[PDB]
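These notes concern the structure reproduced below.
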Protein chains: 6
Amino acid sequence: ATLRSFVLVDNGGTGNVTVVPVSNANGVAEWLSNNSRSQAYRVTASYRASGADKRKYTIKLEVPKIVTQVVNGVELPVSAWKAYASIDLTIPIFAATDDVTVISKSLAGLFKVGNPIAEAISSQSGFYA
Amino acid sequence: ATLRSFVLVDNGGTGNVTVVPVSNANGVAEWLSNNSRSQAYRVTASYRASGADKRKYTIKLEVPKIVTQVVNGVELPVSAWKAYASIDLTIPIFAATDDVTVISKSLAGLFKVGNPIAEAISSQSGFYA
Amino acid sequence: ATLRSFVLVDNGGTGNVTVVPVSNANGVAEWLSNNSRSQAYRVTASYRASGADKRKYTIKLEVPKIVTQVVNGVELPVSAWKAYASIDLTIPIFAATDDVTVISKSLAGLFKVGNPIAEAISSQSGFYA
Amino acid sequence: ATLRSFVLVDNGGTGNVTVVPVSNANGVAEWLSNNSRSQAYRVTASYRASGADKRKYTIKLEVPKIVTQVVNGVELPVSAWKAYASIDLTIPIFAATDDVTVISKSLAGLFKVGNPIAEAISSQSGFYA
Amino acid sequence: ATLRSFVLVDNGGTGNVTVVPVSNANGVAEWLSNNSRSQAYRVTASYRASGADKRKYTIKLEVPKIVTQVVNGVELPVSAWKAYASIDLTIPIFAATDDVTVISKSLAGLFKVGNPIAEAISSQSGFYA
Amino acid sequence: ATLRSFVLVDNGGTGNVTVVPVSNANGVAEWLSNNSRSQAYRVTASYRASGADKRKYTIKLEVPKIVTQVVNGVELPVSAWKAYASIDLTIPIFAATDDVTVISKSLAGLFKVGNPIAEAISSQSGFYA
């Protein structure tokens, strides 16, 4: 089943952040961590067709700011306490399985921990040699 | 050391697609697979300030269908089509290192091979499966 | 597992009115009693975001007066009339699980058989009695 | 008597939340828990006639956010610290007692703890199988 | 649990064509087989109200002729042509369960293998004698 | 030998609804059950060319709600209402035998009892999950 809970944050067993399915409206999977929606880790995704020659995946992720956070509190402005991400993946209809798994892996590679993009993000850095 | 080559696609140890830094103009880092520009996997990233209190990473991925076209015995290296991924990451400036890191990980988790998103993509599926 | 049948009307163990899931289009869950649409108890619910910091459950209930009309010996199943209940629930996103739960209970308490509201309704009365 | 205090939140004896009558203007029963009006659990209801063929019950409920709350404090914005609910029940004049008690029970069933609507609310979930 | 994968083509056990649910937006369920979208079996359906007392199913089937096109030495999975089927079912709201079931079975019988319509279809024939 | 009687509704062995060929004028085959024409199941079909390379089956089904009307003490076998189904199949002329057979089976599978479409129909449902 594609709609199942999964570990969104692998902290090596200890502080793992799992996210669960919560809704399914209009074919928009929604996973929520165990927190108030304002402080939750959140993921949404959908696979619609787009144009007459490609399908498109649309995924969104919300990551909370943690340090200093008052769990379950009402800390405003939300805009200051959360990071947002949007991913649009466009895959033309001619792609066959093996093509798709690569695309799949590429994404995984791009954001893998220890790789430049990942490193950069976490070091508040930009890109440079 | 963020601008450095890395493996985009990890097929164990054989067909690994490594991608290298090729330019960094106007704050746009651009990596490239080892192919003619007409058929290379390509990645670009940029880190800029957004608003007076946010920052934004913008990453784009290009996955080609590598093939050799032949027009009158004149074989040209081209791509049947390409898949595109586009990511916008917005992070508040209040985000401390620890905070940033989680974002970092969350992303990696989200797209990890084996998790739902990865699954779905790799089977051209929706989340109803 | 929220989209599942449940007993709408509990008359001990005899005339229990159970209602089952029948559709879920456009994020509107719709349960139905076991009757022709022309005479079924019906319930619908939807959960959407409202504003940039609230969520809203919208629930509607239809209680029919089940009867068999006869026009020229042509007996059709219809409803003499229907009673309608409509509920709007607005909850802040700051609401943590524990918070949500109370809401949950509060509602159930409010309408419980034996409490004032239940009484009044069940005797077509006001609160002056 | 319909205007009496009742347990709005059944926490199994221990932390039960009782709500008491507080006002009765224009046939609008008002029950308040024991708190500052800003943090109180609150219930209002009235039975007016509507149209020339149905009576209507109008009930409203306010549920406070509790976790993190500073009892009796002044925590703004109230909009962030409270959940609201509105119920409109319309019952045509031809309904006789037994009809009404069903309607009555239906409501109770709809919101009963352990049932989908209830479950959904409290799990911050939507509806799906 | 109606939006689920099922076998569209039953060839005993070998070439069975299974079709899965992929999306359900705007009340349109879409099922696809596991092929490059450019050449996959497709089924869509919707159940909506029509008029004041009817419901209307609208089902559409798409059967592809799977092949691999090649142009200037570039091969692409394409569909040589497709067969299209369109079905409209209209049902009164008075239709109670048993009734619906019958309707349900009629369709089945209609298209059942071995019965005239199927035979005709599968032999490029019309209905003769 | 396609214009022949067949079983429209298979109820094991009891209430089987058999439908027979009654006429075949102007390329329209008509099958009726054994009831007063005012209230009989009906099926019609035609196979004609369409365009320069397509064939088109046009099948229509009629399911009656059998009852006996009575007016001024005069009873007549009438139909309380009917469910209508309309089907259009379009097939390229390149479709060779095997192809056609598949198309043939798809339809069967589509409407097969136990598969989603049938289930939905027979339960006043839509396609959900």
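In the structure tokens, chains take the letters A, B, ... in the order shown, each chain's residues start at 1, and ligands count up from 1 in the order shown.
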Closest pair table for chain D residues within 7 Å of chain A, only C-alpha atoms, as a Markdown table:
| residue | atom | partner | partner_atom | distance |
| --- | --- | --- | --- | --- |
| D:67 | CA | A:72 | CA | 6.7 |
| D:68 | CA | A:73 | CA | 5.6 |
| D:124 | CA | A:22 | CA | 6.9 |
| D:125 | CA | A:22 | CA | 4.5 |
| D:126 | CA | A:23 | CA | 4.6 |
| D:127 | CA | A:23 | CA | 6.2 |
| D:128 | CA | A:24 | CA | 5.9 |
Please identify every residue of stretch 52-111 of chain B that has at least one atom no farther than 8 Å from an atom of stretch 116-121 of chain A, counting only C-alpha atoms, and for each give the shortest atom pair and the distance in Å to one decimal, arranged by chain then increasing number, as CSV.
residue,atom,partner,partner_atom,distance
B:57,CA,A:121,CA,7.9
B:100,CA,A:121,CA,6.8
B:101,CA,A:121,CA,7.5
B:104,CA,A:118,CA,5.7
B:105,CA,A:118,CA,7.8
B:108,CA,A:118,CA,7.9
Write out as a PyMOL selection string each polymer residue whose atoms come within 10 Å of residue D:56, counting only C-alpha atoms; drop sequence neighbours fewer than 4 positions from it.
-> (chain C and resi 83-85+121+124) or (chain D and resi 46-51+88-93)
Can you write just those residues out, N, CA, C and O atoms, as a PDB file, in the first residue's frame?
ATOM      1  N   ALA C  83     -35.786  15.601   8.288  1.00  0.00           N
ATOM      2  CA  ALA C  83     -35.336  16.541   9.300  1.00  0.00           C
ATOM      3  C   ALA C  83     -33.877  16.752   8.937  1.00  0.00           C
ATOM      4  O   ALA C  83     -33.213  15.813   8.478  1.00  0.00           O
ATOM      5  N   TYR C  84     -33.376  17.966   9.112  1.00  0.00           N
ATOM      6  CA  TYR C  84     -31.997  18.233   8.762  1.00  0.00           C
ATOM      7  C   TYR C  84     -31.203  18.800   9.884  1.00  0.00           C
ATOM      8  O   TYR C  84     -31.646  19.718  10.590  1.00  0.00           O
ATOM      9  N   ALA C  85     -29.986  18.301   9.994  1.00  0.00           N
ATOM     10  CA  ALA C  85     -29.074  18.754  11.011  1.00  0.00           C
ATOM     11  C   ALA C  85     -27.872  19.176  10.223  1.00  0.00           C
ATOM     12  O   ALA C  85     -27.497  18.529   9.236  1.00  0.00           O
ATOM     13  N   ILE C 121     -35.026  18.137  22.579  1.00  0.00           N
ATOM     14  CA  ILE C 121     -35.318  17.688  21.239  1.00  0.00           C
ATOM     15  C   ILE C 121     -36.347  16.597  21.278  1.00  0.00           C
ATOM     16  O   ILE C 121     -37.414  16.726  20.679  1.00  0.00           O
ATOM     17  N   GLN C 124     -39.933  17.805  21.752  1.00  0.00           N
ATOM     18  CA  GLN C 124     -40.264  18.983  20.968  1.00  0.00           C
ATOM     19  C   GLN C 124     -40.352  20.156  21.921  1.00  0.00           C
ATOM     20  O   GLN C 124     -41.241  20.979  21.797  1.00  0.00           O
TER      21      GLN C 124
ATOM     22  N   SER D  46     -31.751  27.265  21.517  1.00  0.00           N
ATOM     23  CA  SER D  46     -33.058  27.893  21.452  1.00  0.00           C
ATOM     24  C   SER D  46     -33.935  27.127  20.475  1.00  0.00           C
ATOM     25  O   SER D  46     -33.449  26.599  19.461  1.00  0.00           O
ATOM     26  N   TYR D  47     -35.239  27.173  20.724  1.00  0.00           N
ATOM     27  CA  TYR D  47     -36.205  26.447  19.915  1.00  0.00           C
ATOM     28  C   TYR D  47     -37.205  27.435  19.395  1.00  0.00           C
ATOM     29  O   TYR D  47     -38.146  27.760  20.080  1.00  0.00           O
ATOM     30  N   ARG D  48     -36.997  27.942  18.202  1.00  0.00           N
ATOM     31  CA  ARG D  48     -37.923  28.909  17.645  1.00  0.00           C
ATOM     32  C   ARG D  48     -38.680  28.203  16.556  1.00  0.00           C
ATOM     33  O   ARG D  48     -38.314  27.111  16.143  1.00  0.00           O
ATOM     34  N   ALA D  49     -39.736  28.827  16.075  1.00  0.00           N
ATOM     35  CA  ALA D  49     -40.486  28.250  14.980  1.00  0.00           C
ATOM     36  C   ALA D  49     -39.807  28.846  13.752  1.00  0.00           C
ATOM     37  O   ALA D  49     -39.184  29.895  13.846  1.00  0.00           O
ATOM     38  N   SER D  50     -39.925  28.205  12.602  1.00  0.00           N
ATOM     39  CA  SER D  50     -39.277  28.704  11.397  1.00  0.00           C
ATOM     40  C   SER D  50     -40.155  28.339  10.238  1.00  0.00           C
ATOM     41  O   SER D  50     -40.433  27.162  10.014  1.00  0.00           O
ATOM     42  N   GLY D  51     -40.556  29.334   9.465  1.00  0.00           N
ATOM     43  CA  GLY D  51     -41.453  29.065   8.357  1.00  0.00           C
ATOM     44  C   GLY D  51     -42.808  28.739   8.962  1.00  0.00           C
ATOM     45  O   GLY D  51     -43.045  29.018  10.146  1.00  0.00           O
ATOM     46  N   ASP D  88     -27.657  23.420  13.441  1.00  0.00           N
ATOM     47  CA  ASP D  88     -29.002  23.851  13.097  1.00  0.00           C
ATOM     48  C   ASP D  88     -29.793  22.586  12.857  1.00  0.00           C
ATOM     49  O   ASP D  88     -29.403  21.721  12.062  1.00  0.00           O
ATOM     50  N   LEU D  89     -30.869  22.437  13.603  1.00  0.00           N
ATOM     51  CA  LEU D  89     -31.676  21.262  13.480  1.00  0.00           C
ATOM     52  C   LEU D  89     -33.011  21.754  13.065  1.00  0.00           C
ATOM     53  O   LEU D  89     -33.564  22.642  13.696  1.00  0.00           O
ATOM     54  N   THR D  90     -33.532  21.186  11.995  1.00  0.00           N
ATOM     55  CA  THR D  90     -34.823  21.593  11.486  1.00  0.00           C
ATOM     56  C   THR D  90     -35.759  20.423  11.526  1.00  0.00           C
ATOM     57  O   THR D  90     -35.514  19.396  10.877  1.00  0.00           O
ATOM     58  N   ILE D  91     -36.867  20.593  12.227  1.00  0.00           N
ATOM     59  CA  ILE D  91     -37.791  19.501  12.339  1.00  0.00           C
ATOM     60  C   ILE D  91     -39.156  19.958  11.980  1.00  0.00           C
ATOM     61  O   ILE D  91     -39.743  20.771  12.677  1.00  0.00           O
ATOM     62  N   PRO D  92     -39.677  19.460  10.862  1.00  0.00           N
ATOM     63  CA  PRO D  92     -41.007  19.796  10.356  1.00  0.00           C
ATOM     64  C   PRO D  92     -42.086  19.497  11.378  1.00  0.00           C
ATOM     65  O   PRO D  92     -42.000  18.538  12.157  1.00  0.00           O
ATOM     66  N   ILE D  93     -43.132  20.299  11.329  1.00  0.00           N
ATOM     67  CA  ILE D  93     -44.208  20.162  12.276  1.00  0.00           C
ATOM     68  C   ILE D  93     -44.922  18.842  12.394  1.00  0.00           C
ATOM     69  O   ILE D  93     -45.456  18.545  13.466  1.00  0.00           O
TER      70      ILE D  93
END
Would you please extract all strand (DSSP E or B) residues from chain D, as assigned by DSSP on the backbone, and give them as an MDAnalysis selection string?
-> chainID D and resid 6:9 17:23 29:32 42:50 54:64 82:92
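The shell of residues at most 7 Å from residue F:79, with only C-alpha atoms counted and near chain neighbours (fewer than 2 positions) removed, consists of residues 38, 39, 64, 65, 66, 67 and 81 of chain F.
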Could you write those residues out with C-alpha atoms, as an mmCIF file, in the first residue's frame?
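Contents of the output file selection-v5.cif:
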data_model
loop_
_atom_site.group_PDB
_atom_site.id
_atom_site.type_symbol
_atom_site.label_atom_id
_atom_site.label_comp_id
_atom_site.auth_asym_id
_atom_site.auth_seq_id
_atom_site.Cartn_x
_atom_site.Cartn_y
_atom_site.Cartn_z
ATOM 1 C CA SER F 38 -45.389 -2.386 -21.537
ATOM 2 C CA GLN F 39 -43.001 -3.872 -18.969
ATOM 3 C CA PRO F 64 -38.051 -2.176 -15.916
ATOM 4 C CA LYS F 65 -39.543 -1.967 -12.495
ATOM 5 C CA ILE F 66 -42.430 -4.357 -12.966
ATOM 6 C CA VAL F 67 -45.765 -3.409 -11.358
ATOM 7 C CA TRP F 81 -39.791 3.321 -13.951
#
Using only C-alpha atoms, determine which residues lie at most 12 Å from residue D:16, disregarding the query and same-chain residues fewer than 2 positions distant; provide the list as a PyMOL selection string.
-> (chain C and resi 102+105-106+109) or (chain D and resi 6-14+18-19+33-34)
Those selected residues, please, written with N, CA, C and O atoms and delivered as a PDB file, in the first residue's frame.
ATOM      1  N   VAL C 102     -10.856  16.707  23.554  1.00  0.00           N
ATOM      2  CA  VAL C 102     -11.870  17.343  24.368  1.00  0.00           C
ATOM      3  C   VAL C 102     -13.016  17.791  23.499  1.00  0.00           C
ATOM      4  O   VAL C 102     -14.146  17.428  23.776  1.00  0.00           O
ATOM      5  N   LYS C 105     -15.072  14.908  22.654  1.00  0.00           N
ATOM      6  CA  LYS C 105     -15.924  14.520  23.757  1.00  0.00           C
ATOM      7  C   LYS C 105     -17.046  15.518  24.007  1.00  0.00           C
ATOM      8  O   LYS C 105     -18.200  15.134  24.088  1.00  0.00           O
ATOM      9  N   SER C 106     -16.708  16.800  24.052  1.00  0.00           N
ATOM     10  CA  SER C 106     -17.674  17.850  24.311  1.00  0.00           C
ATOM     11  C   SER C 106     -18.852  17.676  23.409  1.00  0.00           C
ATOM     12  O   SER C 106     -19.996  17.752  23.850  1.00  0.00           O
ATOM     13  N   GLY C 109     -20.924  14.755  24.461  1.00  0.00           N
ATOM     14  CA  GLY C 109     -21.625  15.030  25.700  1.00  0.00           C
ATOM     15  C   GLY C 109     -22.840  15.877  25.411  1.00  0.00           C
ATOM     16  O   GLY C 109     -23.962  15.543  25.770  1.00  0.00           O
TER      17      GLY C 109
ATOM     18  N   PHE D   6     -25.211  20.023  33.507  1.00  0.00           N
ATOM     19  CA  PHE D   6     -24.958  18.670  33.055  1.00  0.00           C
ATOM     20  C   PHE D   6     -23.490  18.473  32.749  1.00  0.00           C
ATOM     21  O   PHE D   6     -22.717  19.428  32.675  1.00  0.00           O
ATOM     22  N   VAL D   7     -23.081  17.226  32.619  1.00  0.00           N
ATOM     23  CA  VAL D   7     -21.691  16.988  32.331  1.00  0.00           C
ATOM     24  C   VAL D   7     -21.485  17.053  30.852  1.00  0.00           C
ATOM     25  O   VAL D   7     -21.990  16.219  30.102  1.00  0.00           O
ATOM     26  N   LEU D   8     -20.724  18.038  30.429  1.00  0.00           N
ATOM     27  CA  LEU D   8     -20.481  18.197  29.027  1.00  0.00           C
ATOM     28  C   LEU D   8     -19.320  17.333  28.629  1.00  0.00           C
ATOM     29  O   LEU D   8     -19.265  16.849  27.497  1.00  0.00           O
ATOM     30  N   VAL D   9     -18.371  17.139  29.532  1.00  0.00           N
ATOM     31  CA  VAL D   9     -17.233  16.310  29.174  1.00  0.00           C
ATOM     32  C   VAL D   9     -17.095  15.177  30.150  1.00  0.00           C
ATOM     33  O   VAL D   9     -16.758  15.421  31.302  1.00  0.00           O
ATOM     34  N   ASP D  10     -17.367  13.948  29.714  1.00  0.00           N
ATOM     35  CA  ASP D  10     -17.254  12.801  30.611  1.00  0.00           C
ATOM     36  C   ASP D  10     -15.872  12.219  30.577  1.00  0.00           C
ATOM     37  O   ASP D  10     -15.541  11.428  29.697  1.00  0.00           O
ATOM     38  N   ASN D  11     -15.085  12.554  31.580  1.00  0.00           N
ATOM     39  CA  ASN D  11     -13.732  12.058  31.667  1.00  0.00           C
ATOM     40  C   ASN D  11     -13.637  10.907  32.630  1.00  0.00           C
ATOM     41  O   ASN D  11     -12.583  10.663  33.212  1.00  0.00           O
ATOM     42  N   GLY D  12     -14.732  10.170  32.769  1.00  0.00           N
ATOM     43  CA  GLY D  12     -14.767   9.047  33.689  1.00  0.00           C
ATOM     44  C   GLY D  12     -14.635   9.446  35.151  1.00  0.00           C
ATOM     45  O   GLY D  12     -13.756   8.956  35.866  1.00  0.00           O
ATOM     46  N   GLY D  13     -15.493  10.357  35.597  1.00  0.00           N
ATOM     47  CA  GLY D  13     -15.459  10.792  36.988  1.00  0.00           C
ATOM     48  C   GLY D  13     -14.407  11.812  37.415  1.00  0.00           C
ATOM     49  O   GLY D  13     -14.744  12.859  37.984  1.00  0.00           O
ATOM     50  N   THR D  14     -13.144  11.519  37.143  1.00  0.00           N
ATOM     51  CA  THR D  14     -12.049  12.396  37.531  1.00  0.00           C
ATOM     52  C   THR D  14     -12.114  13.870  37.075  1.00  0.00           C
ATOM     53  O   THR D  14     -12.478  14.757  37.868  1.00  0.00           O
ATOM     54  N   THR D  18     -18.368  19.992  34.010  1.00  0.00           N
ATOM     55  CA  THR D  18     -19.778  20.259  34.127  1.00  0.00           C
ATOM     56  C   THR D  18     -19.965  21.679  33.695  1.00  0.00           C
ATOM     57  O   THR D  18     -19.117  22.543  33.962  1.00  0.00           O
ATOM     58  N   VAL D  19     -21.132  21.929  33.139  1.00  0.00           N
ATOM     59  CA  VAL D  19     -21.469  23.225  32.646  1.00  0.00           C
ATOM     60  C   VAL D  19     -22.793  23.616  33.311  1.00  0.00           C
ATOM     61  O   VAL D  19     -23.666  22.775  33.488  1.00  0.00           O
ATOM     62  N   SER D  33     -19.133  26.786  31.729  1.00  0.00           N
ATOM     63  CA  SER D  33     -18.351  25.965  32.627  1.00  0.00           C
ATOM     64  C   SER D  33     -17.866  26.963  33.665  1.00  0.00           C
ATOM     65  O   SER D  33     -18.225  28.148  33.619  1.00  0.00           O
ATOM     66  N   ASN D  34     -17.050  26.511  34.601  1.00  0.00           N
ATOM     67  CA  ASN D  34     -16.566  27.418  35.634  1.00  0.00           C
ATOM     68  C   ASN D  34     -15.244  28.068  35.245  1.00  0.00           C
ATOM     69  O   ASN D  34     -14.193  27.648  35.715  1.00  0.00           O
TER      70      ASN D  34
END
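DSSP, applied to the backbone of this structure, assigns alpha helix (DSSP H) to the following residues of stretch 60-129 of chain F: residues 97, 98, 99, 100, 101, 102, 103, 104, 105, 106, 107, 108, 109, 110, 111, 116, 117, 118, 119, 120 and 121 of chain F.
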